Amino acid sequence: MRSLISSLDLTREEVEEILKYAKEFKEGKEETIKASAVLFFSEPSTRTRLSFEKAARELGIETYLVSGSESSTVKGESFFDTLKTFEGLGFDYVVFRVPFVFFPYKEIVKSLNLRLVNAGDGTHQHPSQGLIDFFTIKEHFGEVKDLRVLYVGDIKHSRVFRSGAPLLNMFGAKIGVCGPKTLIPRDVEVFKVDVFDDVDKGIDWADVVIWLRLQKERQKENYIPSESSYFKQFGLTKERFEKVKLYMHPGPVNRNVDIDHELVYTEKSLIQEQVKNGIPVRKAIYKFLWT
Amino acid sequence: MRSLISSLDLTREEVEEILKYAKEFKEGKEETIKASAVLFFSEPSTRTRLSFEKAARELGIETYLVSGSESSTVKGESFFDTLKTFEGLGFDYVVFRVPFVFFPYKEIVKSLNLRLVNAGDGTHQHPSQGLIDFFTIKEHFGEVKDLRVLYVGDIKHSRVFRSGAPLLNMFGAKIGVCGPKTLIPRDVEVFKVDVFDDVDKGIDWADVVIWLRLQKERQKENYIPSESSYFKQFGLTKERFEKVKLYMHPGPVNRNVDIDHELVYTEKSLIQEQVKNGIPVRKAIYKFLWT
Amino acid sequence: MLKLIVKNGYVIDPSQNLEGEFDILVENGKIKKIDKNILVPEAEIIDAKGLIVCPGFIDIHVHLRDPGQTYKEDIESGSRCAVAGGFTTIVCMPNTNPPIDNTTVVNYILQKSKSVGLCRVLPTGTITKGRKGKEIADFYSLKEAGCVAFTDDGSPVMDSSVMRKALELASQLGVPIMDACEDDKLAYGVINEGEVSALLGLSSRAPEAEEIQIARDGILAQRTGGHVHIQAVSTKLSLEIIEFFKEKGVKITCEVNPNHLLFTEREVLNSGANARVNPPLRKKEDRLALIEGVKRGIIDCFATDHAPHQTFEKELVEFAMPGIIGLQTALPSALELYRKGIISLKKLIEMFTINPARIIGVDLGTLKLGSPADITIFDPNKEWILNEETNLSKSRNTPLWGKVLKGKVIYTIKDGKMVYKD
Amino acid sequence: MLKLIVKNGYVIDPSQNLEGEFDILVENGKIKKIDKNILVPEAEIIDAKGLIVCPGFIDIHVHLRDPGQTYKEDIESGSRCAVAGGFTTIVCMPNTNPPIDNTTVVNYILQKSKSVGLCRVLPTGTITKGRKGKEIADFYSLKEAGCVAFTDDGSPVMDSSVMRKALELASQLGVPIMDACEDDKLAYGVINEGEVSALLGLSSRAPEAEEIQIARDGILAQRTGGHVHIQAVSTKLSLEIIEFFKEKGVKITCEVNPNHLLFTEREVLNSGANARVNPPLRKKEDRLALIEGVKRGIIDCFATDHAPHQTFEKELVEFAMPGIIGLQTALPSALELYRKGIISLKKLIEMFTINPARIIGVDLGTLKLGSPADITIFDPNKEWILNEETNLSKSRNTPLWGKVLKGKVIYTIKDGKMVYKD
Ligand SMILES: O=C(O)C[C@H](NC(=O)CP(=O)(O)O)C(=O)O
Ligand SMILES: O=C(O)C[C@H](NC(=O)CP(=O)(O)O)C(=O)O
Ligand SMILES: O=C1C[C@@H](C(=O)O)NC(=O)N1
Ligand SMILES: O=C1C[C@@H](C(=O)O)NC(=O)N1
Ligand SMILES: [Ba+2]
Ligand SMILES: [Ba+2]
Ligand SMILES: [Ba+2]
Ligand SMILES: [Zn+2]
Ligand SMILES: [Zn+2]
């Protein structure tokens, strides 16, 4: 009966198990889980919320949606008390996305009779996205071992990076980061990463590049002089398209900031593939947590 | 084919009937009602909305959710016209929570081919919560007759008090109130209540104490000098915990305002029990209103 | 100090309907026995022969200026004034700087007063935070720390719900509101709206400013059940309004500043800014009505509103700080009414002792067996002059400066200890 | 209490280069003689056989939370912690509520501390009014009332002229500035900018925030002639900068929180919000540099920055109040360095006694003849656990909660009076 709060808590075996279910679901496996899930979102979401929702429903899980600013959070109900409320209401799963870092989480998880699934907690973790990104990379290449995976952009504020990098590392991939030096953590090498000052070197090095969106709503000061200059320095431009081998973006894309307006859906883009992998990976997670 | 707008409209027999269904549902009774319900919330809610929703779904009722500020209320549709819209759309039930007092209501109820269920109307009524509180008290003690039930806090702004007190009274319980004198109605004795100036006397008197949240979003001026002083004067502090026999809170709790941070889930607290009783009581209400 | 005897004095204890020539035995700071010619082995003796012996006086309206304005007065200088005037208990007002709207300021005052060790100083809290008139203060914490009442003195409360809420929360706690009654739209000038303002063109303060708030407070007291104490009453209509609410059983009490018994607005022409005070000195008809309100029991007690200000704050009337010192002059001032046969000596003592005690709900102002040995001993006939030789205040601001007073404290006793002697 | 003798202990008084097995005679709260086998008629005796006897410890960085946050700790609970930890003198920080920026708050603390009567509590004042960082506070009135230093702890001063003006006006008065060094543009997150912030995405506080202000303060101290004391030093570069100014003869002193000697940022992963502190726990290299700065005499004293917060203020790191309690754990924590042979026992005592005394200019931290009999007696080897049985703080916020400590106070003596015993 467990929870998935952080990629850092998954063993190799657990990832193999999840991704095996995900592949099975992608190939059309049906399965019924008689459960209910409440999806508690106090940050915006399109794909993460809808894929968790649709994944649940296709498994027979009844889904309930609560957005933070309509919930009794507005009356001062703490995060813990909200989850405890979900527990009293008989929910089996709680899929949550919140604007703060949920750390420490272990004692709270342990104290609840609930299957908690982190759909994003501030700048901290988004484990299902890391799983989707790993699965997407693996589906493309066969294995991730020794692959060179470059993340570009706002690393500092990225729960997508923090969920994906450890999983890739754990299976022998090599991670690189490139972005405005103001948005690269000083001790980013805690993820065993190479740092590229220059995105063109990073792109030549990379087997796959994951562009990340500027987390403007999370940034406590201005970190970059401008979006169009950022695009020239770091973005997937038309010139860079010739050289890029393959690329990803967890979404949503900011066109002409991250990726050129014309380059979102090319034969080199796995972006739509990440979307399509959302439901099977998120089904795999409900299943993996069903005891 | 009726509605439940106010506790004041329930006879003894009706309450016995509702609570009998609630007990049956709590003990696992299944039942199907082929109906649809629209849940129309223009104030925040977690537990009331989710328990009405989950209650409906477990009875086979299709549920639809509308939050006020996404609805055509924003285009000037009046409350009545919204309900009439629900009627044209074929809803059987309308569960509503609104920021104003729905009074008078009888003529409007009578004019609609709908089962209206008040999930909270301003400072006026919240009948399902009064039923849940009565049921919770009754499940604990066996009967409510001659029990001493103390409500603490913002009485003036409390639809929870106004729904619970008449039901308890009707079955012979004794109601007491204690709170900032600025938040006790001058003619609170219209509920046949004793008034305690001092929460420690109230706590010694009470068999069960229901802490109420300060209705800050309803208060038209400042009534108390501060939240931490309120907590010292009226809150369930650690010192008071030794003396309190049993306690409740309709939720959400404001920790260290109503109830000490450590005292929300103790062996003396029925708070979680109120949450767990939500669905069976709200099922009982749908059933009670199904003709 | 195990044992003290106050011998041969004329004892008056109105709380007990007790008077005559009796001795008082004090044991461990407390009243032990009251009887004819008491004698005990190894006792301290003070001889009160030819003098009046009564409970220590209680002044429920004093400005100690401490913290924040200690060049005017401080807890020490005010306490010396108090005891030199016969007061063993004073209530200090909360218009200090910082104001008494938190428990730190209360505790500072309590601790400093204990260190000084002359009279009991009982703090009040503000009605509003910062005394700004907008938000009720934390009554619960302030009462628990030792405040005995709430007032925004010397500022009125202008919002009626604020005042209502003050009364509600205070009565819930069992303590009164003391209200400084002067509507600030009608009282923003410097002296009474009467003959002197008309003659000189000084800005004025309308008597209705006081009356309207007293009427408001009586109504609020009536409807909330709270107790409101009206500070420094100054007009005939005011007393009429108070009596109208007292007649209905409303918990409304009041006090008079003895200066308002002695002086009218005309004093502004003789004493300049030392007659500037809020509420102002008003007309003859008001002065006489006040005396009549004392006689008829409408005014519940004397209270000085001892309000010291320095000489440079008492120059041009327009710029002068309002207030008059009075702790050392209260008794001879009151005794003027006794001499004219307006009140009895018992009545004068009631107004200084048991009446103020009952207003603030303290068990003092009494010589009941077992109660604290707070005793004042005075000569109703002894003449003296308030001047540099005799003034214990840091300030001098009173029209009685340099004038002959009749009536004077010989001994002040607090918990069985002599804290003052002539 | 005329006469007390501390017998058979191993006395260490670094201020006098005095050590050996000596007895101490105390007369009227003061040190009278120190000699082999002293014996006097009708003396109190405490036997210190097998124990270390030294001057009472002085902690120049303590949060008493009093006034205004007394649910965290108050003067009483903090004083019990102090004495249980071997401290006879503590300096309290001014980030109370209301803050210590006026003489009422100073006096409240002084008087309350006298009532409590366990250790000497020396207040500091704020650098700025309200600690808002804009206007210098009234140093003159605050020093006169008893403040021994000014700090805006736990807020940095961001304007350089404000800091310069603080240093100028303080040095004119002969008192130091204690500066909470963390530039608020570079330190507005919750933990160190290192591995843990990178791994978890918690907002961070850059080591340069501390370094830049320490460098600024050394320069200001140099040019004004004022004395600046750097609180809770936490990085290698910081110590390098301090030493650079000490080398030039600048009056700059510093302290280390023993927690920074014991823990790194990694502790955030093991203890969660009980490792949230400003300045943060930083890296291994910093921890080791700190220990090296203690060894080489760059760090002048230990000071706890005892900073209690309740458990509900120590839940999710992002929302947690920063701070660690430390008064009861300072000594065993320090003794860890003694056990590893990093510092001598004399050196450890210097850092708790004479060094902090000299920083704040008080004649304490000594067993000199005629000086106050503030004496601490301790067992360097006695094991205990900080838990519910043993904690005297109202709060529990320390990563050492529940862990085995070695080194413990057996007796604390203040003015010849035993105020604590094991
Ligand atoms: O928002 C991003 O930049 C990446 C990532 N995005 C998503 O999960 C997609 P969505 O917000 O549409 O669910 C996230 O961290 O929320
Ligand atoms: O809000 C309260 O204080 C009591 C009561 N609360 C509830 O019904 C719980 P919720 O708002 O989470 O549905 C209400 O009146 O809405
Ligand atoms: O209301 C007040 C306050 C007082 C003072 O100086 O405090 N002086 C006055 O004359 N009237
Ligand atoms: O600068 C500070 C202040 C302190 C507090 O809680 O007062 N706690 C800290 O951790 N750092
Ligand atoms: Ba695992
Ligand atoms: Ba009916
Ligand atoms: Ba919305
Ligand atoms: Zn006054
Ligand atoms: Zn500090």
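Recorded method for this deposit: X-ray crystallography, 2.2 Å.
Every residue, even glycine, has its Cβ placed from backbone N, Cα and C.
In three-state terms derived from DSSP, A:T48 (carbamoyl phosphate binding site) belongs to a helical segment. Residue environment of A:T48 (carbamoyl phosphate binding site) contains 24 other Cβ atoms, counted within 10 Å of its Cβ in all protein chains. For A:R47, A:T48, A:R97, A:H126, A:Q129, A:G251, A:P252, the entry in Swiss-Prot reads carbamoyl phosphate binding site, with the evidence type sequence analysis.
If you look up Swiss-Prot, you'll see A:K75, A:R159, A:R213 marked as L-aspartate binding site, on the strength of sequence analysis. Residues near A:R213 (L-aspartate binding site) in space but far in sequence (CB under 8 A, at least 6 apart, same chain), listed by position: A:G153, A:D154, A:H249, A:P250, A:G251, A:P252, A:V253, A:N254, A:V257, A:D258.
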Local Cβ density at A:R97 (carbamoyl phosphate binding site) - other Cβ atoms counted within 10 Å: 24
Proximal to chain D - binding-site residues among A:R47, A:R97, A:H126, A:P252, CB under 8 Å: none
Where A:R97 (carbamoyl phosphate binding site) sits in the secondary structure, as DSSP reduces it to three classes: strand
Neighbours of A:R47, A:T48, A:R97, A:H126, A:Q129, A:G251, A:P252 excl. site residues, C-beta within 8 Å of centre, carbamoyl phosphate: A:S45, A:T46, A:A119, A:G120, A:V160, A:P250
Binding-site residues in contact range of chain B, given that the Cβ distance is under 8 Å, out of A:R47, A:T48, A:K75, A:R97, A:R159, A:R213: A:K75
CB within-chain contacts under 8 A for A:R47 (carbamoyl phosphate binding site), separation at least 6: A:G251, A:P252, A:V275, A:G278
Cα separation, A:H126 (carbamoyl phosphate binding site) to A:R159 (L-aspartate binding site) (Å, whole number): 5
Cβ neighbours of A:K75 (L-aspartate binding site) where a neighbour is any other Cβ within 10 Å: 19
Longest CA-CA distance among A:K75, A:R159, A:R213, per record bound to L-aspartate, angstrom: 32
Distant-in-sequence Cβ neighbours of A:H126 (carbamoyl phosphate binding site), under 8 Å, six or more positions away: A:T48, A:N118, A:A119, A:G120, A:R159, A:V160, A:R162, A:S163, A:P250
For A:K75 (L-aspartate binding site), the three-state class that DSSP assigns: helix
